[PDB]
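Coordinates from run_20.pdb are shown below (PDB, C-alpha atoms).
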ATOM      1  CA  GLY A   2       0.000   0.000   0.000  1.00  0.00           C
ATOM      2  CA  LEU A   3       2.595   2.557  -1.083  1.00  0.00           C
ATOM      3  CA  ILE A   4      -0.267   4.546  -2.620  1.00  0.00           C
ATOM      4  CA  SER A   5      -3.579   4.893  -0.772  1.00  0.00           C
ATOM      5  CA  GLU A   6      -6.861   3.876  -2.422  1.00  0.00           C
ATOM      6  CA  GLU A   7      -7.986   7.506  -2.560  1.00  0.00           C
ATOM      7  CA  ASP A   8      -4.831   8.603  -4.353  1.00  0.00           C
ATOM      8  CA  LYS A   9      -5.193   5.729  -6.825  1.00  0.00           C
ATOM      9  CA  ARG A  10      -8.648   7.068  -7.687  1.00  0.00           C
ATOM     10  CA  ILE A  11      -7.264  10.585  -8.109  1.00  0.00           C
ATOM     11  CA  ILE A  12      -4.350   9.393 -10.221  1.00  0.00           C
ATOM     12  CA  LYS A  13      -6.746   7.477 -12.462  1.00  0.00           C
ATOM     13  CA  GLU A  14      -9.267  10.257 -12.997  1.00  0.00           C
ATOM     14  CA  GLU A  15      -6.857  13.210 -12.993  1.00  0.00           C
ATOM     15  CA  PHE A  16      -4.008  11.624 -14.930  1.00  0.00           C
ATOM     16  CA  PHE A  17      -4.309   8.201 -16.537  1.00  0.00           C
ATOM     17  CA  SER A  18      -7.786   8.942 -17.912  1.00  0.00           C
ATOM     18  CA  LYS A  19      -6.073  11.220 -20.468  1.00  0.00           C
ATOM     19  CA  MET A  20      -3.655   8.583 -21.742  1.00  0.00           C
ATOM     20  CA  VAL A  21      -3.814   7.643 -25.419  1.00  0.00           C
ATOM     21  CA  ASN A  22      -0.955   5.340 -26.387  1.00  0.00           C
ATOM     22  CA  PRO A  23       0.256   2.640 -24.008  1.00  0.00           C
ATOM     23  CA  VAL A  24       3.223   3.539 -21.823  1.00  0.00           C
ATOM     24  CA  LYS A  25       5.839   1.112 -20.587  1.00  0.00           C
ATOM     25  CA  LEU A  26       8.061   1.961 -17.644  1.00  0.00           C
ATOM     26  CA  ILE A  27      11.412   0.245 -18.114  1.00  0.00           C
ATOM     27  CA  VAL A  28      13.198   0.239 -14.767  1.00  0.00           C
ATOM     28  CA  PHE A  29      16.857  -0.688 -14.523  1.00  0.00           C
ATOM     29  CA  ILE A  30      18.014  -1.993 -11.161  1.00  0.00           C
ATOM     30  CA  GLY A  31      21.460  -3.105 -10.075  1.00  0.00           C
ATOM     31  CA  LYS A  32      23.152  -3.807  -6.750  1.00  0.00           C
ATOM     32  CA  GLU A  33      24.519  -0.277  -6.378  1.00  0.00           C
ATOM     33  CA  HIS A  34      22.911   3.012  -5.296  1.00  0.00           C
ATOM     34  CA  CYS A  35      19.572   1.328  -4.705  1.00  0.00           C
ATOM     35  CA  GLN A  36      18.641   1.775  -1.045  1.00  0.00           C
ATOM     36  CA  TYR A  37      15.128   2.592  -2.279  1.00  0.00           C
ATOM     37  CA  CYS A  38      14.829  -0.101  -4.939  1.00  0.00           C
ATOM     38  CA  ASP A  39      11.977  -1.922  -3.272  1.00  0.00           C
ATOM     39  CA  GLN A  40       9.907   1.256  -3.184  1.00  0.00           C
ATOM     40  CA  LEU A  41      10.761   2.044  -6.811  1.00  0.00           C
ATOM     41  CA  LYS A  42       9.777  -1.462  -7.901  1.00  0.00           C
ATOM     42  CA  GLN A  43       6.612  -1.397  -5.803  1.00  0.00           C
ATOM     43  CA  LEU A  44       5.827   2.076  -7.174  1.00  0.00           C
ATOM     44  CA  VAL A  45       5.897   1.281 -10.901  1.00  0.00           C
ATOM     45  CA  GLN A  46       3.849  -1.833 -10.155  1.00  0.00           C
ATOM     46  CA  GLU A  47       1.132  -0.001  -8.227  1.00  0.00           C
ATOM     47  CA  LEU A  48       0.856   2.629 -10.961  1.00  0.00           C
ATOM     48  CA  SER A  49       0.729   0.012 -13.740  1.00  0.00           C
ATOM     49  CA  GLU A  50      -2.196  -1.783 -12.060  1.00  0.00           C
ATOM     50  CA  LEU A  51      -4.252   1.411 -12.450  1.00  0.00           C
ATOM     51  CA  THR A  52      -4.745   1.235 -16.227  1.00  0.00           C
ATOM     52  CA  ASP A  53      -4.337  -1.207 -19.113  1.00  0.00           C
ATOM     53  CA  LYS A  54      -2.404   1.520 -20.928  1.00  0.00           C
ATOM     54  CA  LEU A  55       0.476   1.375 -18.438  1.00  0.00           C
ATOM     55  CA  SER A  56       2.929  -1.432 -17.800  1.00  0.00           C
ATOM     56  CA  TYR A  57       6.468  -1.855 -16.501  1.00  0.00           C
ATOM     57  CA  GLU A  58       9.388  -4.237 -16.705  1.00  0.00           C
ATOM     58  CA  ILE A  59      12.145  -4.549 -14.130  1.00  0.00           C
ATOM     59  CA  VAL A  60      15.490  -5.022 -15.856  1.00  0.00           C
ATOM     60  CA  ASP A  61      18.564  -6.466 -14.130  1.00  0.00           C
ATOM     61  CA  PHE A  62      21.291  -3.960 -15.036  1.00  0.00           C
ATOM     62  CA  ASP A  63      23.908  -6.367 -13.613  1.00  0.00           C
ATOM     63  CA  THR A  64      23.503  -8.947 -16.389  1.00  0.00           C
ATOM     64  CA  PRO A  65      24.722  -8.919 -19.990  1.00  0.00           C
ATOM     65  CA  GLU A  66      21.171  -8.824 -21.437  1.00  0.00           C
ATOM     66  CA  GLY A  67      20.360  -6.052 -18.983  1.00  0.00           C
ATOM     67  CA  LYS A  68      23.440  -4.061 -20.010  1.00  0.00           C
ATOM     68  CA  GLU A  69      22.541  -4.403 -23.671  1.00  0.00           C
ATOM     69  CA  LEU A  70      18.994  -3.166 -23.026  1.00  0.00           C
ATOM     70  CA  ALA A  71      20.543  -0.304 -21.046  1.00  0.00           C
ATOM     71  CA  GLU A  72      22.668   0.645 -24.048  1.00  0.00           C
ATOM     72  CA  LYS A  73      19.685   0.622 -26.420  1.00  0.00           C
ATOM     73  CA  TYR A  74      17.875   3.061 -24.119  1.00  0.00           C
ATOM     74  CA  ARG A  75      21.009   5.101 -23.442  1.00  0.00           C
ATOM     75  CA  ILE A  76      21.058   4.376 -19.688  1.00  0.00           C
ATOM     76  CA  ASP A  77      24.543   4.365 -18.166  1.00  0.00           C
ATOM     77  CA  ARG A  78      23.741   3.503 -14.534  1.00  0.00           C
ATOM     78  CA  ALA A  79      21.028   2.206 -12.164  1.00  0.00           C
ATOM     79  CA  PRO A  80      18.546   2.757 -10.639  1.00  0.00           C
ATOM     80  CA  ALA A  81      16.988   4.477 -13.627  1.00  0.00           C
ATOM     81  CA  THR A  82      13.591   4.588 -15.258  1.00  0.00           C
ATOM     82  CA  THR A  83      12.852   5.470 -18.852  1.00  0.00           C
ATOM     83  CA  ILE A  84       9.226   6.308 -19.633  1.00  0.00           C
ATOM     84  CA  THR A  85       8.576   4.864 -23.089  1.00  0.00           C
ATOM     85  CA  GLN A  86       5.650   4.992 -25.470  1.00  0.00           C
ATOM     86  CA  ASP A  87       5.057   1.273 -25.953  1.00  0.00           C
ATOM     87  CA  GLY A  88       8.820   0.707 -25.958  1.00  0.00           C
ATOM     88  CA  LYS A  89       9.702   3.772 -28.018  1.00  0.00           C
ATOM     89  CA  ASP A  90      12.420   5.873 -26.391  1.00  0.00           C
ATOM     90  CA  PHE A  91      11.371   9.488 -25.817  1.00  0.00           C
ATOM     91  CA  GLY A  92      14.410  10.462 -23.738  1.00  0.00           C
ATOM     92  CA  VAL A  93      12.347  10.918 -20.574  1.00  0.00           C
ATOM     93  CA  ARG A  94      14.256   9.421 -17.666  1.00  0.00           C
ATOM     94  CA  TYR A  95      14.381   9.458 -13.872  1.00  0.00           C
ATOM     95  CA  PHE A  96      17.491   8.325 -12.003  1.00  0.00           C
ATOM     96  CA  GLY A  97      16.281   7.430  -8.530  1.00  0.00           C
ATOM     97  CA  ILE A  98      12.859   7.209  -6.881  1.00  0.00           C
ATOM     98  CA  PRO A  99      10.385   9.927  -7.971  1.00  0.00           C
ATOM     99  CA  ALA A 100       9.299  10.778  -4.424  1.00  0.00           C
ATOM    100  CA  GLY A 101       7.999  13.986  -2.879  1.00  0.00           C
ATOM    101  CA  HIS A 102       7.360  16.794  -5.360  1.00  0.00           C
ATOM    102  CA  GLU A 103       8.808  14.638  -8.139  1.00  0.00           C
ATOM    103  CA  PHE A 104       5.871  12.220  -7.921  1.00  0.00           C
ATOM    104  CA  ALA A 105       3.353  14.474  -9.681  1.00  0.00           C
ATOM    105  CA  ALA A 106       5.968  15.313 -12.342  1.00  0.00           C
ATOM    106  CA  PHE A 107       6.432  11.582 -12.891  1.00  0.00           C
ATOM    107  CA  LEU A 108       2.684  11.103 -13.408  1.00  0.00           C
ATOM    108  CA  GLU A 109       2.494  13.993 -15.901  1.00  0.00           C
ATOM    109  CA  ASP A 110       5.444  12.600 -17.867  1.00  0.00           C
ATOM    110  CA  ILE A 111       3.609   9.303 -18.265  1.00  0.00           C
ATOM    111  CA  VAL A 112       0.648  11.176 -19.757  1.00  0.00           C
ATOM    112  CA  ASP A 113       2.756  13.416 -22.005  1.00  0.00           C
ATOM    113  CA  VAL A 114       4.661  10.373 -23.266  1.00  0.00           C
ATOM    114  CA  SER A 115       1.355   8.541 -23.747  1.00  0.00           C
ATOM    115  CA  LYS A 116       0.033  11.445 -25.837  1.00  0.00           C
ATOM    116  CA  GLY A 117       3.438  12.026 -27.419  1.00  0.00           C
ATOM    117  CA  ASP A 118       2.772  15.721 -27.002  1.00  0.00           C
ATOM    118  CA  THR A 119       3.642  18.706 -24.775  1.00  0.00           C
ATOM    119  CA  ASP A 120       2.345  22.220 -24.042  1.00  0.00           C
ATOM    120  CA  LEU A 121       5.512  24.062 -25.110  1.00  0.00           C
ATOM    121  CA  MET A 122       5.223  27.266 -27.118  1.00  0.00           C
ATOM    122  CA  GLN A 123       5.283  26.793 -30.881  1.00  0.00           C
ATOM    123  CA  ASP A 124       8.463  28.839 -31.118  1.00  0.00           C
ATOM    124  CA  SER A 125      10.099  26.448 -28.632  1.00  0.00           C
ATOM    125  CA  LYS A 126       8.968  23.316 -30.503  1.00  0.00           C
ATOM    126  CA  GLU A 127      10.325  24.655 -33.784  1.00  0.00           C
ATOM    127  CA  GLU A 128      13.742  25.366 -32.247  1.00  0.00           C
ATOM    128  CA  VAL A 129      13.918  22.052 -30.388  1.00  0.00           C
ATOM    129  CA  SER A 130      12.976  20.288 -33.635  1.00  0.00           C
ATOM    130  CA  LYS A 131      16.184  21.497 -35.253  1.00  0.00           C
ATOM    131  CA  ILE A 132      18.540  20.156 -32.592  1.00  0.00           C
ATOM    132  CA  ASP A 133      20.535  17.322 -34.168  1.00  0.00           C
ATOM    133  CA  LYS A 134      23.321  16.723 -31.635  1.00  0.00           C
ATOM    134  CA  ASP A 135      23.386  14.271 -28.738  1.00  0.00           C
ATOM    135  CA  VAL A 136      22.190  16.347 -25.796  1.00  0.00           C
ATOM    136  CA  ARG A 137      22.022  15.109 -22.219  1.00  0.00           C
ATOM    137  CA  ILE A 138      20.290  17.300 -19.644  1.00  0.00           C
ATOM    138  CA  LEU A 139      20.841  16.462 -15.983  1.00  0.00           C
ATOM    139  CA  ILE A 140      18.457  17.939 -13.422  1.00  0.00           C
ATOM    140  CA  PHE A 141      19.683  17.392  -9.854  1.00  0.00           C
ATOM    141  CA  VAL A 142      16.853  17.506  -7.312  1.00  0.00           C
ATOM    142  CA  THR A 143      15.564  16.397  -3.914  1.00  0.00           C
ATOM    143  CA  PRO A 144      12.043  15.129  -3.036  1.00  0.00           C
ATOM    144  CA  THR A 145      11.548  18.196  -0.814  1.00  0.00           C
ATOM    145  CA  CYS A 146      12.286  20.845  -3.456  1.00  0.00           C
ATOM    146  CA  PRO A 147       9.004  22.353  -4.843  1.00  0.00           C
ATOM    147  CA  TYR A 148      10.639  24.049  -7.843  1.00  0.00           C
ATOM    148  CA  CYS A 149      12.685  21.045  -8.937  1.00  0.00           C
ATOM    149  CA  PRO A 150       9.713  19.428 -10.730  1.00  0.00           C
ATOM    150  CA  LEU A 151       9.456  22.445 -13.022  1.00  0.00           C
ATOM    151  CA  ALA A 152      13.022  21.979 -14.270  1.00  0.00           C
ATOM    152  CA  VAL A 153      12.604  18.212 -14.701  1.00  0.00           C
ATOM    153  CA  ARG A 154       9.367  18.634 -16.657  1.00  0.00           C
ATOM    154  CA  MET A 155      10.871  21.339 -18.877  1.00  0.00           C
ATOM    155  CA  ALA A 156      13.835  19.173 -19.945  1.00  0.00           C
ATOM    156  CA  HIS A 157      11.486  16.241 -20.468  1.00  0.00           C
ATOM    157  CA  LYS A 158       9.209  18.260 -22.745  1.00  0.00           C
ATOM    158  CA  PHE A 159      12.322  19.216 -24.723  1.00  0.00           C
ATOM    159  CA  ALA A 160      13.161  15.513 -25.053  1.00  0.00           C
ATOM    160  CA  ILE A 161       9.621  14.623 -26.120  1.00  0.00           C
ATOM    161  CA  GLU A 162       9.373  17.294 -28.835  1.00  0.00           C
ATOM    162  CA  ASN A 163      12.815  16.375 -30.175  1.00  0.00           C
ATOM    163  CA  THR A 164      11.614  12.760 -30.374  1.00  0.00           C
ATOM    164  CA  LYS A 165       8.408  13.899 -32.095  1.00  0.00           C
ATOM    165  CA  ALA A 166      10.562  15.813 -34.614  1.00  0.00           C
ATOM    166  CA  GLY A 167      12.243  12.540 -35.571  1.00  0.00           C
ATOM    167  CA  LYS A 168      15.613  13.355 -33.999  1.00  0.00           C
ATOM    168  CA  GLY A 169      15.406  11.722 -30.584  1.00  0.00           C
ATOM    169  CA  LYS A 170      18.780  13.091 -29.506  1.00  0.00           C
ATOM    170  CA  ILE A 171      17.844  14.947 -26.322  1.00  0.00           C
ATOM    171  CA  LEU A 172      17.956  13.026 -23.040  1.00  0.00           C
ATOM    172  CA  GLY A 173      16.271  14.654 -20.031  1.00  0.00           C
ATOM    173  CA  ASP A 174      17.511  13.069 -16.823  1.00  0.00           C
ATOM    174  CA  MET A 175      16.042  13.848 -13.430  1.00  0.00           C
ATOM    175  CA  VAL A 176      18.716  12.861 -10.880  1.00  0.00           C
ATOM    176  CA  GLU A 177      17.593  12.260  -7.303  1.00  0.00           C
ATOM    177  CA  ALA A 178      20.626  13.645  -5.447  1.00  0.00           C
ATOM    178  CA  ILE A 179      20.008  11.794  -2.188  1.00  0.00           C
ATOM    179  CA  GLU A 180      20.504   8.465  -4.008  1.00  0.00           C
ATOM    180  CA  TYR A 181      23.280   9.733  -6.288  1.00  0.00           C
ATOM    181  CA  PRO A 182      25.471  11.825  -3.903  1.00  0.00           C
ATOM    182  CA  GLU A 183      28.762  11.068  -5.645  1.00  0.00           C
ATOM    183  CA  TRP A 184      27.227  12.122  -8.973  1.00  0.00           C
ATOM    184  CA  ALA A 185      25.838  15.279  -7.345  1.00  0.00           C
ATOM    185  CA  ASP A 186      29.177  16.077  -5.662  1.00  0.00           C
ATOM    186  CA  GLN A 187      30.654  15.903  -9.164  1.00  0.00           C
ATOM    187  CA  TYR A 188      28.782  19.107 -10.048  1.00  0.00           C
ATOM    188  CA  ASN A 189      29.067  20.807  -6.657  1.00  0.00           C
ATOM    189  CA  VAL A 190      25.325  20.474  -6.212  1.00  0.00           C
ATOM    190  CA  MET A 191      24.279  22.759  -3.376  1.00  0.00           C
ATOM    191  CA  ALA A 192      21.032  24.541  -4.168  1.00  0.00           C
ATOM    192  CA  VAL A 193      18.498  22.639  -6.270  1.00  0.00           C
ATOM    193  CA  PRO A 194      17.556  22.219  -8.968  1.00  0.00           C
ATOM    194  CA  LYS A 195      20.999  22.156 -10.593  1.00  0.00           C
ATOM    195  CA  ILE A 196      20.946  21.803 -14.382  1.00  0.00           C
ATOM    196  CA  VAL A 197      23.832  20.485 -16.469  1.00  0.00           C
ATOM    197  CA  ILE A 198      23.545  20.565 -20.248  1.00  0.00           C
ATOM    198  CA  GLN A 199      25.969  18.284 -22.064  1.00  0.00           C
ATOM    199  CA  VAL A 200      26.520  18.123 -25.808  1.00  0.00           C
ATOM    200  CA  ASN A 201      28.081  15.035 -27.370  1.00  0.00           C
ATOM    201  CA  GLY A 202      29.223  13.881 -23.944  1.00  0.00           C
ATOM    202  CA  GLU A 203      30.863  17.087 -22.716  1.00  0.00           C
ATOM    203  CA  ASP A 204      29.530  19.623 -20.221  1.00  0.00           C
ATOM    204  CA  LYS A 205      28.743  22.963 -21.843  1.00  0.00           C
ATOM    205  CA  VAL A 206      26.278  24.768 -19.570  1.00  0.00           C
ATOM    206  CA  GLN A 207      25.356  24.796 -15.874  1.00  0.00           C
ATOM    207  CA  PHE A 208      22.862  26.832 -13.844  1.00  0.00           C
ATOM    208  CA  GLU A 209      20.643  26.689 -10.745  1.00  0.00           C
ATOM    209  CA  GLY A 210      16.916  27.309 -10.444  1.00  0.00           C
ATOM    210  CA  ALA A 211      13.866  26.396 -12.493  1.00  0.00           C
ATOM    211  CA  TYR A 212      14.419  28.627 -15.519  1.00  0.00           C
ATOM    212  CA  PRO A 213      11.226  29.595 -17.420  1.00  0.00           C
ATOM    213  CA  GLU A 214      10.605  27.985 -20.829  1.00  0.00           C
ATOM    214  CA  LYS A 215      12.185  30.744 -22.934  1.00  0.00           C
ATOM    215  CA  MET A 216      15.271  31.059 -20.761  1.00  0.00           C
ATOM    216  CA  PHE A 217      15.833  27.345 -20.255  1.00  0.00           C
ATOM    217  CA  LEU A 218      15.707  26.967 -24.050  1.00  0.00           C
ATOM    218  CA  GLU A 219      18.065  29.923 -24.465  1.00  0.00           C
ATOM    219  CA  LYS A 220      20.553  28.058 -22.282  1.00  0.00           C
ATOM    220  CA  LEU A 221      20.091  24.867 -24.303  1.00  0.00           C
ATOM    221  CA  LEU A 222      20.705  26.721 -27.558  1.00  0.00           C
ATOM    222  CA  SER A 223      23.846  28.491 -26.341  1.00  0.00           C
ATOM    223  CA  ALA A 224      25.179  25.110 -25.240  1.00  0.00           C
ATOM    224  CA  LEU A 225      24.869  23.880 -28.821  1.00  0.00           C
ATOM    225  CA  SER A 226      27.432  26.431 -29.985  1.00  0.00           C
TER     226      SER A 226
END

Could you render the structure from this file as structure tokens?
Amino acid sequence: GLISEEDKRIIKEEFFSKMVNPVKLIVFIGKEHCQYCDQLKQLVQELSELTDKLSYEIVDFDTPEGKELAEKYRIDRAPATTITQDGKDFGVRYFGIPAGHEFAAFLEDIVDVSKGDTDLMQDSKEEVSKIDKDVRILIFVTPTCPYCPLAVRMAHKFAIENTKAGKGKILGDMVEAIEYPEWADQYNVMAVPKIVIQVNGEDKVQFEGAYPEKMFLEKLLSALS
């Protein structure tokens, strides 16, 4: 009972009732960094039981088949969850448990991936549609940070539109800092959210705070230079 019966009802009528295409949550789990693996596994299961348009699959990252699946979905470590549209990679990932304020953002991502659509401004979709370089966006957060979801959701919408444009080169990765301290220490994460925009594997831009759509995009674009 990780999710109460009342919440299940609310999740179904407020979120999953808007789903269109089936969504599959592919969760990679290994023997490292997963103090909250049981909750993560129980979580994706409880959500999947809410609708026939949502399913999950727990993948063992510590095995050769698991590693290969990880490569196909561009996942380099576990725990990690990629929200796919019936297996199709949209670059919407969560590294760690989506607890606290990140829970609602997780639910919305499922819907947006189901619909394969976002509410970004037209100007922003047109720009994001032109991006043709491997872009990885890290969003360091904590379950307690109320603004963090905004940054996670913004990067994810960028990933979705870039997938819709037929590029599929933008990866939006929410990183739960409490579970990935070493990774967070790597970018001197203090205040959250902390955004790191990488192009072709190398860091190019870094900032703190949930930047509005136009400014977040401005930072993404400058990173591509």

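One finds CA of residue 94 (chain A) at 24.3 Å from CA of residue 124 (chain A).
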
For this session: Counting all atoms listed in the file, figure out which residue out of A:189, A:195, A:128, A:164 gets nearest to residue 152 (chain A).
Result: A:195

Exercise. Which residues fall under the PyMOL selection byres ((chain A and resi 56-69) around 9) in this file, as a PyMOL selection string?
Worked result: chain A and resi 23-32+42+45-46+48-50+52-55+70-74+76-80+87

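The two atoms in question, CA of residue 174 (chain A) and CA of residue 150 (chain A), are spaced 11.8 Å apart.
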
Where is the centre and how long are the edges: axis-aligned box on region 104-109 of chain A, 6 Å on each side, Å to one decimal, as AutoDock Vina command-line options:
--center_x 4.5 --center_y 13.2 --center_z -11.9 --size_x 15.9 --size_y 16.2 --size_z 20.0

For this session: Run the PyMOL selection byres ((chain A and resi 105) around 12) against the file shown and list the residues it catches, as a list in words.
Result: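 That selection, the PyMOL selection byres ((chain A and resi 105) around 12), comes back as residues 8, 11, 12, 15, 16, 99, 100, 101, 102, 103, 104, 106, 107, 108, 109, 110, 111, 112, 144, 147, 149, 150, 151, 153 and 154 of chain A.
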
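For the residues A:148, A:225, A:139, A:125, ranking by smallest atom-to-atom distance to residue 187 (chain A) using only C-alpha atoms places A:139 first.
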
For this session: Evaluate the PyMOL selection byres ((chain A and resi 209) around 6) on the structure here and hand back the selected residues as a ChimeraX atom specification.
Result: /A:194-195,208,210

For this session: Using all atoms listed in the file, pick whichever of A:155, A:21, A:3, A:98 has the shortest atom-to-atom distance to residue 41 (chain A).
Result: A:98

For this session: May I have the residues within 12 Å of residue 203 (chain A) as a list in words, using only C-alpha atoms and disregarding those fewer than 6 positions away in the same chain?
Result: residues 134, 135, 136, 137, 138, 197, 224 and 225 of chain A

Exercise. So which one's closest to residue 86 (chain A), A:163, A:143, A:43, A:22? Using all atoms listed in the file, please.
Worked result: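 Residue with the minimum atom-to-atom distance to residue 86 (chain A): A:22.
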